[PDB]
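Structural overview for review
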Amino acid sequence: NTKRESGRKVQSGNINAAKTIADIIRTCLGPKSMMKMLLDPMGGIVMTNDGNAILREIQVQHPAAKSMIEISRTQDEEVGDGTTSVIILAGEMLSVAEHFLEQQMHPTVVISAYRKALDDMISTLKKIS
Amino acid sequence: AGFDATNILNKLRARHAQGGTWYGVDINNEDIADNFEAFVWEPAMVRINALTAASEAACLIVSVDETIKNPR
Amino acid sequence: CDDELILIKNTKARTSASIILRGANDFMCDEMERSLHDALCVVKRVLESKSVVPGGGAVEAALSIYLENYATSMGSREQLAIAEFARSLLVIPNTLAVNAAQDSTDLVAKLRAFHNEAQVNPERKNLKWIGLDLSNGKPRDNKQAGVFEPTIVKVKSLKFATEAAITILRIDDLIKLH
Amino acid sequence: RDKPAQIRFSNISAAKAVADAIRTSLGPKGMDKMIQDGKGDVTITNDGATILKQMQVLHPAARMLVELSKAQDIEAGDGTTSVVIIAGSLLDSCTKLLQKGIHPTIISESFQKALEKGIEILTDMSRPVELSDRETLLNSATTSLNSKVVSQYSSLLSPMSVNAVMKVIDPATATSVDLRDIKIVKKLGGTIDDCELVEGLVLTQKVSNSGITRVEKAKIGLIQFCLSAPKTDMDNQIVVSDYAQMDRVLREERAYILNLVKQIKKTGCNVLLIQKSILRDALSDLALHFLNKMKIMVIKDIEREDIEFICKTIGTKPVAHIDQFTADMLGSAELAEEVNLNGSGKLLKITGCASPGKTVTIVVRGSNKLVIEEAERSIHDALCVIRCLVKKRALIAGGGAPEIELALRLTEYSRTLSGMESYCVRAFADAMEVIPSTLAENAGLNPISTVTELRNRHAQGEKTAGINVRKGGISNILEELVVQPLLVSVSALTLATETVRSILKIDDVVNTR
Amino acid sequence: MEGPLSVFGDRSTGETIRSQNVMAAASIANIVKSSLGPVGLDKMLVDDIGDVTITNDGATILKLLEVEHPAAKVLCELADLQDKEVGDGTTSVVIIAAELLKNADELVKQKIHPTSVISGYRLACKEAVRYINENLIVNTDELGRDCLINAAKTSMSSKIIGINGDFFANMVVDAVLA
């Protein structure tokens, strides 16, 4: 109908649900690991090494709670790893860069930034691979 | 003058795309035309005066969005 | 590439070419092909029209103060009428370059740098650059880029611009229905 | 007590705001109404001349104005808002005069005295123009048609309106060329270009398919007779339980009726308008297609329109069962013509017939009924404004403009009466300046430029003239080609005078249970 | 809406239904502004808690949008019908279309007679029609330095991922001329 939502506030909505997923499975990631407990409304114990598994089993928000499953499922389809890593990088970086940059007023040079911090990343990686 | 401002004002603008010597809306005649030839007569000195005020009288506080007051 | 095509050499009913895009992967060709189609299309859009208009609002933001002064030209309620639109040829770039986060008040600074009393001129030439390249947010001197649009697509929107306006007027007698 | 005043005030209140929300009128003013109803239903409405009738309002005086909205539309067909725009112009003085020490009775003849003197002066500003003049027909249609739906097809409709009236014209400055007379029929297909003036009677019926008569030699329809057959009007003791005996009944029923329809074609009938009643089934679907085997144009459940016009024009009555044959009460018909233009539409055209010196039947066509109604309501109101000029031969200022001329001059008669109602006249004599400034109402920003001028624009023009409300520019309100016969405006004043004068007698609290 | 809320259906009784339309026109235009073109950011359009879509297209959102305002009504079709025209002006019409119906009825109401103000939003567009059709000035692909080749190139070099405009300065020529 007639409704308008705005930018950095929607970006924050993109920040919020993802920022939560960026944490536990980041702790669950790697040789220092954890479990993500899920309280069922009846009290049933659920803990996994995948928070998207916890998300599928509980409320998922239309913001990146939906997407950080999606793009990790995208990450799950391809190499079959890093889904735990994708959730914790994306919402983090979106929680990191945006505010510092949008107070400088731009997604724009941030638009270029991710593929530039991807560039050397991809670059020296293959080089020190 | 009983006039609508804007149309009259826009006329005067057109009238200053046509004329523009003294032309203006004069409640003196309640018309739109040359003022100085309408016997709208005041020295040009007060203009600079008012215009020294006009732009500058506004720029004082807009130079201040942080305004401190004290009881003392 | 491990990709085979059957080459028909010297097709004698009419000439032909099948151009093989070399990617290291097939989706490299689409990045080409997406660059190609619009390049194909914009040239085809120049195959649509000889007269062709710059992308971006340096077309509009020119007439803006041209025709918002043309408001004054007729004056009266028309100086109101003509300005209301001709004040609004300012706003599209204010959306355009700001979508690139250029603060189009800086763009209209550059736009109306082109837009002059000395240059009122669409001409066919540039003594003012009327191009605004929307892959940037500020004018670039490309006139062959794929972002620009033909004169067919625009004079259309000119009706559409005025179409939201008087379409809603002709009603009489506002009422209530139970 | 207090009961009379309040609701009578509310009669002046609730109806006024409705009548105040009225005037956006004459063209591009305001913004469109996409109307969530009081029930929530969403509806788009434009050109409030029609929206008046369309408007759904409750409350006693407020719904009165929609019923008063047709009052201008019912007889005239031109400037339908003229009574509704002044429906609040009387309610203007109503409050004051009730509050002025003036009795609702003294306010009652006040409307009259203001009505009496008002329509008087309007005659002076009515320029009499020839009742049969092609122009005063064409241009009355045109000016209307210019305001009505089609401004291009006007050039088609206006002469067809003229030609439809000039056929039925009973040249007079009194009532002539009625609406019952001119028969306006709609046909899917063709074009408004192919909207055809037809002098002869054209019945619009549902004709079964084609392979039927477009040709001459037809005895006209409007028949009520059923076809008596076994298993129709005739006794069959053949019992139906088993499927075979249930099969034996329809076959004698179907095999017999085809002789009946031959007897119907034997009457000379290529057309039957069949009664919407059923004597049993009346004519069955066996009978109807057997009628279509004889090339007899047949509509079961025919409209009431082609029942009365065939009585009005062709002079037709039902004929008996075709075994009993006919009394030949079917009127004279010759060409039974179904126009198929791209096959669209079923249209019964009787070219030559009994006719009452009247009833042009104009076939209104188009790609769709919407395109048709573009012409139909336009040609109707074109006929109407012509009919209005046949009713009253004159053209006055259109769009409510002359009431402001009538405003100043009725203020003079406010002095000439010198009565208690002369004040009442005075209050309302200045309440007719409201419409032109108020027509500008609803559109936009920086408003006031329109208001006192349209008041003064006649005032400054003395008692002569002011700007046109529908055209624009300083000129004579009267001679524009925004022009309506004197009828339309003297109608409006006469109409709002009474219903609003009823308010004065509306009193206490009384409700039928 | 705004104004009297007890009579539904675009009777707000006065400019309340004009302004609620122009503020909706402005509001319905607020959708497309930050959506304008590719620089206009892709919107993530919630179709339901479980249904979304991501588009910056001006005519894509508004086909999905509901508009019960008359000025919001005329704006969606204008994004759509100009899309139906081309697809240039899905976004373009929307911005000023909020303004011109806001710009039109204001003086139309002021009437010396409403016919005067109608052209003011046509006239400048007409004066834009000429100016727009007066443009060969930018967008001309047929007139390059390399002609079609740079018409390829600069249009490729606009969307350039790479050596687009090198071998692809050839291809858009090769493709249209094959």
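How each quantity is defined
Residues numbered from 1 in each chain as written, not as in the entry; some residues may be left out. Chains lettered and ligands numbered in written order. Part of a larger assembly, values for the part shown. Heavy atoms only, no water. Helix = DSSP H or I, 4+ residues; strand = E, 2+ residues; numbered from the N terminus. Rg over C-alpha atoms; globule rule 2.2 N^0.38 Å. Buried < 20%, exposed > 50% of the residue type's maximum accessible area, 1.4 Å probe, protein only. Contact = heavy atoms within 4.5 Å. Areas by Shrake-Rupley, 256 points an atom, 1.4 Å probe, with all protein chains shown as cover. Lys, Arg positive; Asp, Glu negative; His and termini not counted. Charge placed at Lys NZ, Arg CZ, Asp CG, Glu CD. UniProt positions renumbered as here; feature names shortened; annotations may be inferred. Expected span 1.5 Å × (residues − 1). Bend = angle between axes of the 7 residues up to and from the residue. Salt bridge = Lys/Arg side-chain N within 4 Å of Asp/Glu carboxyl O. Buried area = accessible area lost by both parts, 1.4 Å probe. Polar contact = N/O pair within 3.5 Å; in protein donor to acceptor, adjacent residues only side chain to side chain. Nonpolar A, V, L, I, M, F, W, Y, C, P; charged D, E, K, R; others polar. Pairing = 2+ DSSP bridges. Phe/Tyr/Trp six-rings, centres within 6.5 Å; stacked < 30°, edge-to-face > 60°. Patch = residues over 30% accessible without salt bridge, like charges linked within 9 Å, V, L, I, M, F, W, Y side chains within 5 Å.

Regarding how it was determined, this PDB entry cites cryo-EM in its header, along with a resolution of 8.7 Å.

The subject of this paragraph is the overall build of chain E. Helices and strands together make up the secondary structure of chain E, namely seven helices and two strands. Starting at the N terminus and ending at the C terminus, chain E contains elements arranged as α-β-β-α-α-α-α-α-α. Over its C-alpha atoms chain E spans a radius of gyration of 21 Å, topping by over 25% the 16 Å that the globule rule assigns to 178 residues. Counting only C-alpha atoms and orienting by the principal axes, one finds that chain E spans roughly 65 × 50 × 25 Å. Per-residue burial for chain E yields a buried fraction of 54% across its 178 residues. Sequence-distant contacts in chain E: of pairs separated by 6 or more residues, those separated by 24 or more amount to 34%. Accessible surface, chain E: about 6,900 Å² in total, of which carbon and sulfur atoms supply 55%. Taken together, the 16 basic and 25 acidic charged side chains of chain E have centroids lying 8 Å from each other.

We now examine the UniProt feature "binding site: ADP" in chain D. In the numbering used here, UniProt assigns the "binding site: ADP" feature to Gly27, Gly79, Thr80, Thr81, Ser82, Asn146, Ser147, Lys148, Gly399 and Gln484 of chain D. In this structure, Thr80 of chain D sits in the loop between α3 (60-75) and α4 (82-85). Other than its neighbours up to four places away in sequence, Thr80 of chain D contacts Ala49, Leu52, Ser69, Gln72, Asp73 and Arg377 of chain D. Mapping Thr81 of chain D onto the fold places it in the loop between α3 and α4. Once you skip the residues sitting within four places of it in the chain, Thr81 of chain D turns out to touch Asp173 of chain C together with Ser25, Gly48, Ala49 and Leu52 of chain D.

A few words now on the UniProt feature "binding site: Mg(2+)" in chain D. Residues and elements named next belong to chain D. The UniProt feature table records "binding site: Mg(2+)" at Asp78. Following the sequence through the fold, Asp78 ends up in the loop between α3 and α4. A relative accessible area of 7% means that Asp78 is categorised as buried. Not counting the four nearest positions on each side in its chain, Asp78 is found in contact with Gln72, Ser144, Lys148, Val385, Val483, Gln484, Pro485 and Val488.

All names here are of chain E. The end-to-end C-alpha separation of helix α5 (residues 115-133) is 26 Å, in line with the 27 Å expected for 19 residues at 1.5 Å each. Bending of α5 peaks at approximately 25° at the position of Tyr121. For α5, the set of buried residues is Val117, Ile118, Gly120, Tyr121, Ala124, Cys125, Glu127, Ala128, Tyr131 and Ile132.

Moving on: the pattern of salt bridges. This model, assessed by the stated rule, comprises 35 salt bridges over all chains. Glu98 of chain A is the partner of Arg8 of chain A in a salt bridge, and the nearest nitrogen-oxygen pair spans 3.4 Å. Separated by 90 residues along the polypeptide, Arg8 of chain A in helix α1 (residues 7-21) and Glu98 of chain A in helix α5 (residues 83-102) bring together distant segments of the chain. For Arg8 of chain A, a relative accessible area of 35% puts it in the partly exposed group. Assessed through its relative accessible area of 10%, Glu98 of chain A is described here as buried. Among the ionic pairs, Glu42 of chain B bridges to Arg47 of chain B, the shortest N-O distance being 2.1 Å. A network of salt bridges, in which partner residues are shared, links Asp194, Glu196, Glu337, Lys349 and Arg365 of chain D.

The next point concerns unusual backbone geometry. Residue and element names in this part refer to chain D. You will see that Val177, though not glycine, has its phi angle at about 55°, which is positive. As for its position among the elements, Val177 is in the loop between α8 (154-168) and β3 (183-186). Judged by relative accessible area, which is 0%, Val177 ranks as buried. Here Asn342, not a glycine, exhibits a phi torsion of approximately 60°, which is positive. As for its placement among the helices and strands, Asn342 is situated in the loop between β7 (333-338) and β8 (348-353).

Among the secondary structure elements, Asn1 of chain A is positioned in the segment before α1. Residue classification places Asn1 of chain A among the partly exposed residues on the basis of a relative accessible area of 41%. Residues contacting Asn1 of chain A, with those up to four places away along its chain left out, are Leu65 and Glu66 of chain E.

A separate point is the interface of chain D and chain C. Taken together, the contact between chain D and chain C spans 35 residues of the former and 13 residues of the latter. Roughly 2,100 Å² is buried in total at the junction of chain D and chain C, and carbon and sulfur atoms are behind 54% of that figure. Run the count over chain D and chain C and you get zero salt bridges. One can count 18 residue pairs in polar contact joining chain D with chain C. Put simply, the parts of the chain that give the side of chain D that touches chain C at least two residues each are α1 (2-22), β1 (33-36), β2 (42-45) and α2 (48-54) of chain D. In terms of residue count, α2 of chain D provides more of the side of chain D that touches chain C than any other element does, five residues in total. Taken together, the residues that form the side of chain D that touches chain C break down as 13 nonpolar, 15 polar and seven charged.

Let us look at the sheet that holds β7 of chain D. All names here are of chain D. Read from one edge of the open sheet, three strands run β4-β8-β7, paired in antiparallel fashion. Both outer strands of the open sheet, β4 (202-203) and β7, are each paired with one neighbouring strand and no more. Note that β7 and β8 share five bridges and pair antiparallel. Counted as the bridge partner of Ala333 is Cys353 from β8.

Right, let's get into the packing of aromatic side chains. Given two aromatic rings, one states the distance between the centres and the angle between the planes to describe the pair. All names here are of chain B. Scanning the model with the defined rule gives three aromatic pairs over all chains in all. An angle of 35° between the planes, with centres 5.0 Å apart, marks the rings of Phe36 and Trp41 as tilted. Take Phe36: its relative accessible area is 36%, and that puts it in the partly exposed class. Grouped by ring-pair contacts, the aromatic residues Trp22, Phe36, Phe39 and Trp41 constitute a single cluster.

Attention now goes to a positive patch on the surface. Residues and elements named next belong to chain D. Together, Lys96, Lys100, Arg415 and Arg426 make up a region of like positive charge exposed at the surface. Relative to the helices and strands, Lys100 resides in the loop between α5 (87-99) and α6 (104-124). According to the relative accessible area criterion, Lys100 is partly exposed, its value standing at 49%.

Attention now moves to the environment of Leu89 of chain A. Inspection of the secondary structure puts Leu89 of chain A in helix α5. Taking the C-alpha atoms as reference, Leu89 of chain A lies 30 Å from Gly44 of chain A; in sequence the two are 45 residues apart.

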